[PDB]
Amino acid sequence: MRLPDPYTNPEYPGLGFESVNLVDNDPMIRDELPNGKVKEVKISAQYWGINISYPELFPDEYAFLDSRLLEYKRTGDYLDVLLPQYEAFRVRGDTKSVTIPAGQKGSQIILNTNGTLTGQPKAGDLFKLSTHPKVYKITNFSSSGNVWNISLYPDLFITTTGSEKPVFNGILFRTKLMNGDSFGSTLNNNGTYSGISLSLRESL
Amino acid sequence: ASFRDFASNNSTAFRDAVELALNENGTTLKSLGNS
Amino acid sequence: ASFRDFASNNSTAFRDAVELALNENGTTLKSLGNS
Amino acid sequence: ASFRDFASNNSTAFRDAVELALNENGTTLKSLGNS
Amino acid sequence: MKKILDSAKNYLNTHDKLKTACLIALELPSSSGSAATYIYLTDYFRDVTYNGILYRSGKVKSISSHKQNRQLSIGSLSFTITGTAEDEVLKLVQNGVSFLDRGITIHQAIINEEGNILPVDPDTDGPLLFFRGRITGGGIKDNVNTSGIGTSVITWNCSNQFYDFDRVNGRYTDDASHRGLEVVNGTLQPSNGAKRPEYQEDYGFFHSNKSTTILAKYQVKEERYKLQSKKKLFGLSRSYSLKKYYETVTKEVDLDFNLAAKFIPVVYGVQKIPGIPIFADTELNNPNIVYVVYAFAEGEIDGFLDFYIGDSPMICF
Amino acid sequence: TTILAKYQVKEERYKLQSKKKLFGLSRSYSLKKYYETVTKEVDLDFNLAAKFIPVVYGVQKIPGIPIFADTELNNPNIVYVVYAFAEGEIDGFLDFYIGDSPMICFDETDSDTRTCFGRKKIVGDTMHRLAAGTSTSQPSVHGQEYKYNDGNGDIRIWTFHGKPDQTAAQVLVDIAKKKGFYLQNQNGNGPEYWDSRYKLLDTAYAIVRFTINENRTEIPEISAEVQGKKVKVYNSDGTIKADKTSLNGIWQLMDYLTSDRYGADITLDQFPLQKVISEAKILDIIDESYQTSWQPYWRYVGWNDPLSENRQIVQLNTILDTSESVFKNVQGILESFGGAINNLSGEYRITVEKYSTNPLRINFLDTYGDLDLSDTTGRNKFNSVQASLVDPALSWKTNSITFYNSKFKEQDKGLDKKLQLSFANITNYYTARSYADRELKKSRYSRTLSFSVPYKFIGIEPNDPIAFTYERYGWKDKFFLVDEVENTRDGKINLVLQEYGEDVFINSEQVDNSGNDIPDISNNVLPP
Amino acid sequence: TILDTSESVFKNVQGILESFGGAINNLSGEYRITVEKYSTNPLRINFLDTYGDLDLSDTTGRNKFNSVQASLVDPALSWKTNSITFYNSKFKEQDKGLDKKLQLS
């Protein structure tokens, strides 16, 4: 499901992140050798962590927000979020006619736009495959005409099967709440819910 | 370390905790009076 | 104190820690099934 | 938990703490070499 | 008192900051016994050359404490390798490889101002020995944390020659054990399992299985299948009580259900021991003349002082 | 016992042979202590554990506990003594040891030393030859009288098998009816001395009648070779076959576990029949290492027909000293064929070690991230094995099986390390040799692994085949067997795997020890 | 001595020792055999040379005896057991006349 925000529900401008913390969580078997060399082995999967802080929420906005959150807690599905700082539409066009040749594993990826896309995805922008819900981060870009060579920080979780389509816009993190067990909201005498915050965490 | 003194002040608990894992099988610590 | 409950929740570790100091010499706790 | 490693680093203390509660009565752990 | 060079006795007394390195040399676990490869390692930050051997660094992480009491016990030591080398991991986790009797020697080296090894041991004019024994055990501990830093530790286990305290090394009076018989294709052929290569054509214990039954015909109804205990008194310690100790002592054992009574003892000094029959047969035309062979003791003995035919020695008191 | 002692030697006056000679050598014993504890005879005046009734599965030799002894009135030298052999409905008595010499002599060597009938070697003659007079290789008949005269006196047996509805012996009832018993008249008792109430239900026994005369002046110690209690063998289709005893270990354990008369009363409801049936066939796998012709004492090792296969991988002829605890008796029945009673998932499940071509594939990424490897090669890895067993080829004495391995000693730099074993429930020499070889092979894989898996994969039980695949090591579908499984209520399963190999379950070729049997033709006076 | 080879190597070595003292030591590399002895030039340790910790423990009970009784297989007899028993008047003048016997074999 979709986390409410001013893009989906413009009538509630109180929704919307006062501050978002996009943390990098890659567990590693780090070992500090006696000779000064540091050896680290990556085994556990990496996952983005999102910490959302909300401004002063009025009672109706908080009613909508916690209604959506409680529906999340009820039906048990995943909770998608859209970070707005990465919503710079730097790539126009429709990506259905873009083919990613099969048999690709690792950070590097090669995709052929077939002369369809307009706009260059600069480093630091987000990237997501059509099938898998993992969200990557472009670290370097290099194109030779139509073919694009993109390097992603997390290695491709699944090897491309030749049908996965690039998603350069409207990327949603498939996250799970981490504050659900004890989630309280305080109501002031001024009439606003203060200090509403979420500690999300990408699942899979 | 200073763990020896402590354990020496809680010996019966150690005995019971030991005899509780030997009773999983048919062993027990009350079979030492014979020997 | 409340150490008894804890030890009763970790009995196998106590058994192993005991049998690890008896194996220093030729003694072992698997010699109780006879008696 | 991580208590197993610790106990494995203090085994002799466990042995002594055990043998200190068996000496209350006439039992002792030095009677295992026979068996 | 392990004597130390007087030159080292001055350095160990004047200098406060001592730079010490432990030089480890373990034998590689190999599938077969052919050859003898050694990995040389050190705990120091730089490689250390000793007797022309380069002890490479960067693998060893920690070494345990060697403790020795006045009661016989296995001397256990535990040194840990990094476990992320991925070249030491495969040696430990390799399939079809055994390290039952692979040794390890650890030296305690002190570094000088110029970076050399301060001579300590008088006989070698080099560093002291911290531990030398056998590799009995091992393991690796992977700990992958879903958030944070994980660790992996490879720990090698070491001990002296008495690691297997439940080990009975003896020459049981039997042909199959004496010559190390093993089926090779379709026959029981002697192998290298014999304690000596010259034991492969020794048929001395060939008729030991039927010796007792044949001998029993010429004995009393009692003592038909019996033998005196080789050791009567064995030692009264805190492991026994007076009643139990003096009740356990036995005089005679039945040979039809005591396979421990057919082991060959070893005697130092003048002691009385029973004889284990290994052959018994009569003459053809004189059936009342019976030859019976008793195996007394082990090894090159000085000789037999006296023989007790029954309970009366040939040489009277 | 006191009445019987009058007609015995000064020695063996109050004595009885131990029901179980060898019981099992494990890490709880040492060689010297284990082989010193084994006893041959026990005094009946201070050993109340010697008056318990044993239960026998398969062909085994057991002593007889007297329960009645009295002479005739006008013929005081004719004494009736009743010995209770074994428990439950037994197939029958194979042979009777009047003293230390069986009625059916071993072979040609034992025939020329005394008056005997038939041969136990090759021919496999049984006691029923005494009544039939022909070559018979099947057990006795319930309530039939047998006459055995070796030239020193007449002996009559009247074998009785166990049955739920035994009737009182007609011979003793007839003697007691006419006031024929000597102590019956001494104490003034009437026909109630022995009546129809003396049913002796669920207990096999024999009423051996002695004619003490100039030659047999003493009553010798009586022992018998029973064929064992009949067990229920469950078939896959659904039919139930309980007509003969079975050498399969699982059926013997199932009989011991579902009996409220002796042992624990575990109802057949608390048992998955299909799993037990499938696991029995694992112990029923035909071994091809040796030949059926190589065992001349085929009748007395549990087999019934030399023509048939009778080459199961594990065959057990067991004696259960009922004076032992139920827990220890079950623990002793197991460890003779592997076995692990499991109470997980509700029922009682019997699992034995086996190799599978379709194990469950666990990758390390499916675990919880923890992993503990532990290989204790010291104290657990051996290069040669030495075992012992009670072999009916000898006069039920102990035979040692010893062999070395050149490959395992080429490895380990020629170190001499011997595995010491002792089989209590195995009597076939070739089966014991195969089991010792299996144990020696299994000792070379001493390496265990522990990790946790999520709620999925629920259903893992001990002795299950699992293929581990951890790419960081050189592991791709490595064979493991479950050793410890722990279920939590929050859906986490803790496992401890044990490394195995394929070679553990292949059988190496062996030779025949048929010519190395040593019958005890001693203990009797040779004729002129 | 008679060494019943059916015993374990560990127990056989442990039995050979304790007959003359003895302590097999694997420290400093080699196997060293040390027996109890008195020396006129021992190594002098002052407490200021230590790390500051010190534990004194005297278990006079269960370890202090006034008389000894031993047994042995003596070839003077027909290899039977002979008992050696003697008392000490000084050790019983101490300890307030308590009767405590050491049993040995």
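Within the range E:130-142, can one find any residue that is more than 8 Å from chain F (Cβ to nearest Cβ), hydrophobic (A, V, I, L, M, F, W, C), under 22 Å from E:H107 (Cα atoms) and more than 19 Å from the chain's Cα centre (by Cα)? Yes, the range E:130-142 contains at least one residue that is more than 8 Å from chain F (Cβ to nearest Cβ), hydrophobic (A, V, I, L, M, F, W, C), under 22 Å from E:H107 (Cα atoms) and more than 19 Å from the chain's Cα centre (by Cα).
The C-beta contact set for the range F:438-464 (first residue in contact (Cβ under 8 Å) with a residue 60 or more places away in the chain, second residue assigned to a loop (DSSP other than H, G, I, E, B) and among the acidic types (D, E), distance under 7 angstrom, 6+ apart or interchain) comprises F:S446/F:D375; F:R447/F:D375; F:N463/F:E353. Put simply, of G:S8, G:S28, G:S19 the only residue that is facing chain E (nearest Cβ under 10 Å) and more than 23 Å from E:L77 (Cβ to Cβ) is G:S19. Considering the conditions (1) over 29 Å from F:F408 (Cβ atoms); (2) within 23 Å of the chain's Cα centre (by Cα); (3) facing another protein chain (nearest Cβ under 7 Å), E:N69 is excluded by exactly one of them, (3).
Looking across F:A393, F:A436, F:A387, one residue alone is assigned to a loop (DSSP other than H, G, I, E, B) and either among the hydrophobic types (A, V, I, L, M, F, W, C) or under 20 Å from F:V314 (Cα atoms) (or both). It is F:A393. The combined condition, being touching a residue at least 12 places away in the same chain (Cβ under 8 Å), crowded, with 22+ Cβ neighbours inside 10 Å and of a type in the set (A, V, I, L, M), is not fulfilled by F:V141. For the range F:322-349, a residue qualifies if it is more than 30 Å from F:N516 (Cβ to Cβ), of a type in the set (D, E) and within 16 Å of the chain's Cα centre (by Cα), and exactly one does: F:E324. When F:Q166 is tested against (1) touching a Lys or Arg at 6+ places or on another chain (Cβ under 9 Å); (2) surrounded by fewer than 16 Cβ atoms within 10 Å (Cβ to Cβ), only condition (2) is not met. For first residues located in the range F:324-348 and β-branched (V, I, T), partners that are assigned to a helix (DSSP H, G or I) and lie 6+ apart or on another chain with Cβ distances below 6 Å form the pairs F:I333/F:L253. Inspect the range E:210-221 for any residue being at the interface with chain F (Cβ under 7 Å from one of its Cβ atoms) and part of a loop (DSSP other than H, G, I, E, B) and give the result as yes or no. Checked the range E:210-221: at least one residue is at the interface with chain F (Cβ under 7 Å from one of its Cβ atoms) and part of a loop (DSSP other than H, G, I, E, B).
Looking at the range G:5-39 only, could you name the residues that are of a type in the set (A, V, I, L, M) and within 21 Å of the chain's Cα centre (by Cα)? If the condition is that a residue be of a type in the set (A, V, I, L, M) and within 21 Å of the chain's Cα centre (by Cα), then G:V13, G:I16, G:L17, G:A23, G:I24, G:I33, G:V35 are the ones that fit. Restricting E:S98, E:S57, E:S159 to those that are of a type in the set (S, T, N, Q), surrounded by 17 or more Cβ atoms within 10 Å (Cβ to Cβ), closer than 30 Å to F:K441 by Cα and in contact with an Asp or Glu (Cβ under 9 Å, 6 or more places away or on another chain) reduces the list to E:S98. In the range F:495-516 there is at least one residue that is in a helix (DSSP H, G or I), under 30 Å from F:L320 (Cα atoms) and within 32 Å of the chain's Cα centre (by Cα). Restricting attention to the range A:29-78 and to residues that are touching a residue at least 60 places away in the same chain (Cβ under 8 Å) and touching an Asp or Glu at 6+ places or on another chain (Cβ under 8 Å), the residue that is nearest to E:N143 (Cα to Cα) turns out to be A:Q46.
Comparison of F:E347, F:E324 shows that the only residue that is more than 14 Å from F:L253 (Cβ to Cβ) and within 14 Å of another protein chain (Cβ to nearest Cβ) is F:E324.
Exactly one condition in (1) surrounded by 10 or more Cβ atoms within 10 Å (Cβ to Cβ); (2) within 14 Å of chain D (Cβ to nearest Cβ) is false for E:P277; which is it? Of the numbered conditions (1) surrounded by 10 or more Cβ atoms within 10 Å (Cβ to Cβ); (2) within 14 Å of chain D (Cβ to nearest Cβ), the odd one out for E:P277 is (2). Take E:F263 and tell me if it is away from chain F (no Cβ under 14 Å) and of a type in the set (F, W, Y). Here the answer is no, as E:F263 does not meet what is asked. Among the conditions (1) facing chain F (nearest Cβ under 7 Å); (2) not hydroxyl-bearing (S, T, Y); (3) not in a strand (DSSP E or B), the only one that E:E182 does not satisfy is (3). Can you find a residue in the range A:156-163 that is of a type in the set (V, I, T) and assigned to a strand (DSSP E or B)? No - not one qualifying residue is present in the range A:156-163. Taken as a whole, the range E:104-112 holds at least one residue that is buried (at least 16 other Cβ atoms within 10 Å of the Cβ), within 15 Å of E:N157 (Cα to Cα) and within 14 Å of chain F (Cβ to nearest Cβ). The strands (runs of 3 or more DSSP E) found entirely in the range E:55-123 that carry 3 or more residues being under 30 Å from G:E18 (Cβ atoms) are E:103-111. If the condition is being part of a loop (DSSP other than H, G, I, E, B), polar (S, T, N, Q), within 14 Å of chain E (Cβ to nearest Cβ) and surrounded by fewer than 12 Cβ atoms within 10 Å (Cβ to Cβ), then the range G:50-105 contributes G:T59, G:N63.
The sole residue among F:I401, F:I426 that is more than 14 Å from chain E (Cβ to nearest Cβ), more than 27 Å from E:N95 (Cα to Cα), crowded, with 18+ Cβ neighbours inside 10 Å and out of contact with any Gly (no Cβ under 8 Å at 6 or more places or on another chain) is F:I426. When each of F:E353, F:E410 is tested for being within 14 Å of chain E (Cβ to nearest Cβ) and surrounded by fewer than 21 Cβ atoms within 10 Å (Cβ to Cβ), the lone residue that passes is F:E410. Residues in the range E:237-260 that are assigned to a loop (DSSP other than H, G, I, E, B), within 14 Å of chain D (Cβ to nearest Cβ) and surrounded by 13 or more Cβ atoms within 10 Å (Cβ to Cβ): E:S237, E:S239, E:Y240, E:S241, E:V249. The number of residues in the range E:149-171 being within 7 Å of another protein chain (Cβ to nearest Cβ) and within 30 Å of E:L259 (Cα to Cα) comes to 10.
With ideal geometry, Cβ positions are generated from the backbone for all residues, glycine too; neighbour counts draw on all protein chains shown. Taken together, the values in this text are just the output of simple stated rules run on the coordinates, not laboratory data.
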